[PDB]
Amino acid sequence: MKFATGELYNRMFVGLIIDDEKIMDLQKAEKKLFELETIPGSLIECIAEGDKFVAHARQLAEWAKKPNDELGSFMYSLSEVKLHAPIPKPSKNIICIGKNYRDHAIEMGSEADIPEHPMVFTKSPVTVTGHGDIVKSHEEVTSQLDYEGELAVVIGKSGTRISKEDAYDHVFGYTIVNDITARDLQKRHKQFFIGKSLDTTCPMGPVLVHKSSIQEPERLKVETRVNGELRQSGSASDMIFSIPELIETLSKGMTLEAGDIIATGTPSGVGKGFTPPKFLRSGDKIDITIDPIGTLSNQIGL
């Protein structure tokens, strides 16, 4: 169950990946197969409907593989579809965790500055972009752009005061995020927001995998490649605060709403961590891979 927001012939649509290299237009499929119109037009609204939307989508895929002659209405080959971020316009800023991998904390010069409590900041929705999109280099405000491959969690059911025991029941699914950061701007304003919120600096996608397809988030692996070179490799089992601990902490006095996006922190290997620091430049290709979500690819603009 992989969901996406695709664009094809001037139509933005909520899509479900069929068998890899095909994508189903859920609204159009519902009208032709189920004769009805009940699927909303954005993925964040579908997430609000929770499990019943997901099951509705599976039934639609099942009926579509059954013989019929309407497939041309709603079956698109992925090669012909531009994938936006699964949630192109979040309702709120992306919630981000800092220094959630021990090695990355050390990398930024700490081992004393390993947080004992989640360090949490946000990225403005104006940073959100999709698979294959060009990230503005922002040469004018910074010469220290950095990449951050991260696993992202999307809340699928609202709640406050959520226990770590109930946390996964408030999760819709998982996607990839590149937390692109201006390291100089990060120091300048002392709060991470401005250096984390430059335009286009949050690639997200390529798809949003429902949690029912990832039973063990602990085993996911994040791999970041810059110009083909492996530079990050981290296991979600090694992050200091687990996803249920993060949800319990984030929601202690704050309501998490369906569609909220949580970036759980990048592993070691970021560009600033190299002696002879490696910063991003125009033309750098960035590939982040988390199976079974896929690979999120972006280029820094030239």
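One-based numbering along the sequence shown.
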query: Stretch with the higher entry mean CA B-factor, where the candidates are 138 to 146 and 118 to 126; finding: 138 to 146
query: Higher-scoring stretch by recorded Cα B factor average, 230 to 238 or 270 to 278; finding: 270 to 278
query: Member of 131, 210, 189, 89 with the greatest C-alpha B factor (per the PDB record); finding: 189
query: Candidate residues 163, 175, 158, 201, the one whose C-alpha B factor the record puts highest; finding: 163
query: Residue 40, C-alpha B-factor rank within chain (lowest, middle or highest third); finding: lowest
query: Chain-wide C-alpha B factor ranking for residue 76, given as lowest, middle or highest third; finding: middle
query: Residue 55 by Cα B-factor - lowest, middle or highest third of the modelled chain; finding: lowest
query: Record-listed C-alpha B factor of residue 4: chain third; finding: lowest
query: Residue 27, C-alpha B-factor rank within chain (lowest, middle or highest third); finding: lowest
